[PDB]
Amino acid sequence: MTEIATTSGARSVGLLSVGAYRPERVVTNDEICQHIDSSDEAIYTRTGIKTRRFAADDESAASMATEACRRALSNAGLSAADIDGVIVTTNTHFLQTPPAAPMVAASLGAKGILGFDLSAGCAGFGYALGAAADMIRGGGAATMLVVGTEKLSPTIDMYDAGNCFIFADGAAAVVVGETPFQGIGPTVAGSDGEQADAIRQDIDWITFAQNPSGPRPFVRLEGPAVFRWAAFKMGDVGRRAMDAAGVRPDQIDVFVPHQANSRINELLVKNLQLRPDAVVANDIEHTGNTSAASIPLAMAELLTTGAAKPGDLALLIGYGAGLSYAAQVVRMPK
């Protein structure tokens, strides 16, 4: 009997561009210490954060995603029509349904293209990238939009003196398409579910809905557990991503780790054995932790400043919520 046919596309794919959308409101550490017993320097030393952006009450994960996709398109000198699918990665979409992918697409003027929402915590960008790369090479699409968008501020607990100054809002997208040379290395991902409560929402929405007059949900973070994990585990992950990419550590030019903690990342940079002149993203200082949007936003800045240059060999390492991680070597877009 007949066999089920297959499809395929360009085996060579990369980042054609990156677009970033940063909320207007600039929240300082002192503006946060209006409710916490800490200081400007106390936070900056323990976290490496000075300020971060917060989104307006009417803005959402979806609205910022679209806005970041429009810039990623422009920067790629593309039209919405040139996109065959969009993957939206986020953890702050506050509607069980409908997903946001099709919404985004509609606002972009391609309401009909394929797309879905992907959640894997602050490391959702790495999975979406690999997923888009696999789909293109599999012939499911020719060019795609991968956007990380987060609006964590509304989920932050004013009084929580352990993370109210960590999370921030934001969104950034990248265009993935065929390239004359391989631009996206193999994905190296994994997880540790036995520490799923390290980064979490303390109370589920249905339990809360059942008692409204009771405690409201809020994002919780056991910084220590996450610190020990990230700082001393993402080193091997990085070496695995570079290994599957066939590149030497001293061959990378840009290192973009998830902007969770500057003290974590300085640990990593030292562990990865990179070139003393490698460009490291320190974006967190003024962006804070934007979860799934983190890496994308960071890439966008290194490009803007011009520390990083289109075509540089970068190491992307995403880690966070539910204790999941995604890594891969890629070539910096535009």
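In case it trips you up, residue 1 is the first one in the sequence shown, and so on.
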property: Entry-level comparison of average CA B-factors, 147 to 155 and 176 to 184, reporting the higher stretch; result: 176 to 184
property: Mean C-alpha B-factor comparison - 110 to 118 and 86 to 94, higher one; result: 110 to 118
property: Selection by C-alpha B-factor (highest) of 280, 61, 43, 293; result: 43
property: Top residue by Cα temperature factor, when 126, 138, 99, 214 are compared in the entry; result: 214
property: Third assignment of residue 210 from its chain's C-alpha B-factors; result: highest
property: B-factor third for the C-alpha atom of residue 162 within its chain; result: middle
property: Assigned third (lowest, middle, highest) for the C-alpha B factor of residue 13; result: middle
property: Chain-relative CA temperature factor third for residue 288; result: lowest
property: Residue 297 - which third its CA temperature factor falls in, relative to the rest of the chain; result: lowest
